[PDB]
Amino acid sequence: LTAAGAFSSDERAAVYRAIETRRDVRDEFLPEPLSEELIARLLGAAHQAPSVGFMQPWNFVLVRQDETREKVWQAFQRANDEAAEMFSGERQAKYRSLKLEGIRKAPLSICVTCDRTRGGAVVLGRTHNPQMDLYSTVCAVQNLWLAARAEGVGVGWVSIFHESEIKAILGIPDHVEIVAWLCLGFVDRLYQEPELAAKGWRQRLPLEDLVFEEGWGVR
């Protein structure tokens, strides 16, 4: 190991700037393809996330064809109407007004998966909670989401669809599970607070109400 400590004031500020201004983007994606170099940078950041037992359970399928985007978007529509019919009155009306994906518009999409069987028979750290491998994959997603913002690339996670329909589109095996579908593209503008808060779907919870001391429920 080598010497380490806190970043400089400017370095820490750049770190919190990405964490604080990254948004989940749906409708602001610009049409320019992301350079090959920029993509390698984004995947690299993801590849450096931590992973249980250093399993590195992830795979990334790059999707850049209209044909594929169309099939995925339709799978979204089928699922989204279904989700829509799970609400009523004004909350349903409000649900149908939200943009929940940017699939056909984002010049790039990425389906991040988790190979449940990588790492051999037994994987360190996943001996007691088997979901840790999936969680590892999410860490890879956030690292990319954060790297993306710094590059001025908007990223949007889309989870509205029946998994099996997507695995069919991409040919993903049974031992591999989809963790996320991500829409990517440059942006020249972002919301300053979560879009769902601005559109009145749900507001930011008071952090002070979610922190306990020693025991659950104890402030």
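The first residue of the sequence shown is number 1, and the count goes up from there.
Colleague: I need to verify one thing: averaged over C-alpha atoms only, is the B-factor higher for 68 to 76 or for 89 to 97?
Modeller: Comparing 68 to 76 with 89 to 97, the higher mean C-alpha B-factor belongs to 89 to 97.
Colleague: Averaging the C-alpha B factors as listed in the entry, name the stretch that ends up higher: 206 to 214 or 12 to 20.
Modeller: According to the entry, 206 to 214 carries the higher average C-alpha B-factor.
Colleague: I'd like to know which of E28, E32, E165, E193 has the highest C-alpha temperature factor in the PDB entry.
Modeller: Comparing C-alpha B-factors across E28, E32, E165, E193, the top value belongs to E193.
Colleague: Kindly indicate the residue among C139, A121, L134, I103 with the greatest C-alpha B-factor in the PDB record.
Modeller: Of the candidates given, the C-alpha B-factor peaks at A121.
Colleague: When the modelled residues of the chain are sorted by Cα temperature factor, does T113 land in the lowest, middle or highest third?
Modeller: Middle third.
Colleague: Should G152 be placed in the lowest, middle or highest third of its chain by the C-alpha B factor in the entry?
Modeller: As the PDB entry reports it, the C-alpha B-factor of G152 lands in the middle third of its chain.
Colleague: For the chain shown, is the CA B-factor of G171 in the lowest, middle or highest third of its modelled residues?
Modeller: Answer is middle: the recorded C-alpha B-factor places it there.
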